[PDB]
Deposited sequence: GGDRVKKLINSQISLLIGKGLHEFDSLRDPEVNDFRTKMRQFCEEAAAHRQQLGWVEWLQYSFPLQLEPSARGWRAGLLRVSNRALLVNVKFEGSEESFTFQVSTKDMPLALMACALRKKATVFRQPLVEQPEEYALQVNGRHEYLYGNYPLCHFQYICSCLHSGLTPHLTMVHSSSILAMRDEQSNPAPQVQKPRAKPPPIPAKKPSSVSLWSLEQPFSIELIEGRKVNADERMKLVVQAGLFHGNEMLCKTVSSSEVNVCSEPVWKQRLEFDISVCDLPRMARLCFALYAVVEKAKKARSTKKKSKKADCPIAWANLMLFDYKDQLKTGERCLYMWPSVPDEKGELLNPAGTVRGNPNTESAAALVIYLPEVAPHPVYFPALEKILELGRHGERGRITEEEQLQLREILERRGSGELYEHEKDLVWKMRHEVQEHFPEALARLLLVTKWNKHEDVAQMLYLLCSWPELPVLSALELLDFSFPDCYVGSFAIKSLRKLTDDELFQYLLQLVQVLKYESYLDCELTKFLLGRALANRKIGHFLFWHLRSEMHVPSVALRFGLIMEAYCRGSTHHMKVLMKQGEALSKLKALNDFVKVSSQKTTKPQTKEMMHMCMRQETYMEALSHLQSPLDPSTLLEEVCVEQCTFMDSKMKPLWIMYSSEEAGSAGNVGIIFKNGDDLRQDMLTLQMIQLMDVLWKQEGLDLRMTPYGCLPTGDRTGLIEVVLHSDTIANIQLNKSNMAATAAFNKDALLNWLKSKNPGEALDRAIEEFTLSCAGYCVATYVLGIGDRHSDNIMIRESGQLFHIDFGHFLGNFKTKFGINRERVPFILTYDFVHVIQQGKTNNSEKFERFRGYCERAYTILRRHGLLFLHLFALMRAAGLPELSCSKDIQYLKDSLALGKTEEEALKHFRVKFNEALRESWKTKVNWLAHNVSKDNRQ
């Protein structure tokens, strides 16, 4: 009864019926669901018995400042009482001292000598799924740090251990003996559609990641037909013994008089290490020839897709499996060590610290033992020079790898590239990744979920790792779910992504229900946005807003749109929907602006979400995640550029949520220079500054001009490094604190060479409204240079991250040309003295371009 309800609920939540998985009758799919159900149910059982503090670390992981004395006012209360107390504490005090102080006031008011010790409690942030615990001082917590900048007072609740336990309780659930050349039979093509004035060619390649194992073989030219017949042998120049484990056979069917039609790839060995034999029907994917990186599973739409039949020949009378790790380590155990001169050792040091020539690859390979012992972080370059088309060479390389020491997270993220398709090399990358903290993992999760699209099989090390970490952290679980869920309309990933979400759901029944409440809210938002789109092409904005409001006031709407966790942040609770405050934006897609309030949270419960359907939001999220990382990298070096890292989350097909930043308007709106306002100006250059002055009276203007200066320097650098163009007054926002930030991200990474942009209006604010202010202007250039030089020292981080994102399917992130842009913007080739001089030329060039509006 409950088993059937859970399954149908999973089916609705994931957006694919579980019955569809069974109907494939695929043993690989059937082993994944059994082995991952068990693995996720064990994680669940482990969780239902965690300690109470241990339960907070799962459900409410700490939100700490990248870094993690002074008077501070905090307001504390208890769960079963409306009565609060306001204490004067210090930012250097640990939450525990606040707790002991909170109980002291309760001891007098209630006159009893309180049995409770501070240790017995946790401090909940008012009307939020956020907690303050652990031995970190108050300023170290993101909520107190945010509170300290906005002047506003922290509002906390005392939560007893027994109450947290009550929450845990209610949330309960031999190959090497076959030297003949690898060949195949190309039998026939089916349902192909092309010009009859042309001929059909079949191109095949044997790959190990991005590298060829041998040269490509083309079929004979056959006349264009819907059912073309070949019945021909395609011999490759590689022996069946030399075929690596991660060898993938790639096909590109096309038309010639080069006209791309379709493509298809398959792994030569199955998920049980067996070399494949017998007839194979490859349901081809459409082109725009040979695509190594493309998925190794067939096209689901079997009725429309082209279906090339091939025939893997019987290389032996019995089945053939890839030799086990014991046979590999035995063959690779044999060889000669690196005995070379100081001169070749000096050249080896020069190339390993530094793309290399053939002879330079020959020295990396001969000196592989010196690489293992004296250059372990050079592992990726050694894996690159290895000949993956020679069984002896792979075995030597694998033998070194099993004895290879663990590498930093930085080196491990590089090893996840499609360049390293070897499962033992990938298992190795995951072993060096396990030391990632939850915060580091959250930072790179977007890229790790993309790496899943490179994976040759369902049951892989990266899936178990992502699953295990997601079941031990509710925030990780949340974002993993939404990154998978959002790509369910993509037929190439839907089976993989649907299977991972089903596994997770088996491990968190309670969270499956929480996320369905989010899914139901997004369901109603799409129907409401659809209404608005139709209504805005028929009536006036006041009329459409009122009708949107009437629709929202319905029982079904009021209930679905209310009392939920935010998909943008599970800490944020969207309680009561303020219908009167809701509206829509006037852009093509008519985005909805949805407001919420919460009495339990006060001012902190006054939140909003923007719902946008019709436009792709994956590039906006990636841009924002990159900027957020910059802010993290800067803060770690003690540079706080006053950034606004707001939420952006794609949820479905051209659908997603953007976080509302209140007390912010666009440069364009402020610059309208409307009459009967506190910001009305004598000169349009005054407007932004008058607005700033109106919002920040007295001594407050100085801090606002400084928030402006700091954020501006950060965004000038962020948009320059990331090449974010189409920047105008309508997509630049200013907060009432003076903080500047960017919205609506179309183009990024040139698509060319977007220059460093300095705008006179912002230079006018930095210079405090004065024509000349070298003091303030050069303090600004210093912030810019400092920011730029910090990013450069983390150049490989961005490069390793952007390389993993190539799997994403973003048209503006599809080749080496895009990654080159980063290398160029960060002047990754030059020394810091050289890069700084290059940055100062582009900065001065940008000031000279800003001086066009200064002159006029």
(request) Can you give me the gaps, meaning deposited-sequence stretches with no C-alpha coordinates, in sequence order? (result) 1-3, 72-82, 188-210, 295-310, 342-347, 414-417, 815-823, 929-940
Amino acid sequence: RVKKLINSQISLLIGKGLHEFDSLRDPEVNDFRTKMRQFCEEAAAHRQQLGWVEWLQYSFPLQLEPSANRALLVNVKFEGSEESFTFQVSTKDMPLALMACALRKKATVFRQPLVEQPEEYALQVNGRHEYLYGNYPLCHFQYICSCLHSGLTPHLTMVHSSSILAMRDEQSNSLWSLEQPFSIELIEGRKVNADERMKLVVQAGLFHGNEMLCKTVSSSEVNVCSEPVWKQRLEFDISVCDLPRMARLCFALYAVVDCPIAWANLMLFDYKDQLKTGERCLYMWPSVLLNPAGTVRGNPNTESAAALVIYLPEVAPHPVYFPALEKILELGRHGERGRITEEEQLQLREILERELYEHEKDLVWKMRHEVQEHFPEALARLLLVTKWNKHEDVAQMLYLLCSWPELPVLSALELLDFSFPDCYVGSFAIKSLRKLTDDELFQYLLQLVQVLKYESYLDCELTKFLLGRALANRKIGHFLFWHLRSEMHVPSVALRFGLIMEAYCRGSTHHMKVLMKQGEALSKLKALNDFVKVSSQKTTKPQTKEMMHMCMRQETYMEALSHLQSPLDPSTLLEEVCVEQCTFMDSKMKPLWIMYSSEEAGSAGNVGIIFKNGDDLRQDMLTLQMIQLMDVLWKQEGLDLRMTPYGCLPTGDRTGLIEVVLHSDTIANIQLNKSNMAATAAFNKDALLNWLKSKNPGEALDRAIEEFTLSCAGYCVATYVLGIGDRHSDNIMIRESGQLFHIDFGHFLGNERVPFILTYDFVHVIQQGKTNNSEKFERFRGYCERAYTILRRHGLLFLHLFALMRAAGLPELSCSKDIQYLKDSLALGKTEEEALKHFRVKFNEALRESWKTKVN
From here on, numbers count along this sequence of modelled residues.
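Rigid core here is just the name for the largest C-alpha set that superposes within 1.5 Å across the two forms.
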(message) If the other structures are each fit on the rigid core, which stretch ends up farther away in C-alpha terms in 6 other deposited structures of this protein, 183-191 or 662-670?
(response) 183-191
(request) Compare 499-507 with 141-149 and report which one shows the larger root mean square C-alpha deviation from this form in 6 other deposited structures of this protein once the rigid core is superposed. (result) 141-149
(message) Of the other PDB entries for this protein whose models extend past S67 on both sides, does at least a third leave it without coordinates?
(response) yes
(message) For the other entries of this protein included in the comparison (both sides of the residue modelled), is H359 absent in a third of them or more?
(response) no
(message) Tell me which stretch has the larger mean Cα B-factor in this entry, 113-121 or 713-721.
(response) 113-121
(request) For the higher mean C-alpha B factor in the entry, choose 517-525 or 269-277. (result) 269-277
(request) Using the entry's values, work out which of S456, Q581, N751, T759 has the largest Cα B factor. (result) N751
(message) Comparing recorded Cα B-factors across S411, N126, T437, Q180, which one is largest?
(response) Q180
(request) Would you mind ranking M167 by its C-alpha B-factor against the rest of the chain and naming the third, lowest, middle or highest? (result) middle
(request) Select lowest, middle or highest to describe the third in which the CA B-factor of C815 falls within its chain in this entry. (result) highest
(message) Using only modelled residues of the chain, where does the Cα B factor of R47 rank: lowest third, middle third or highest third?
(response) middle
(message) Quick check for you: using the entry's CA B-factors within this chain, is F745 in the lowest, middle or highest third?
(response) middle
(request) Give the position of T556 by CA B-factor within its chain, expressed as the lowest, middle or highest third. (result) lowest
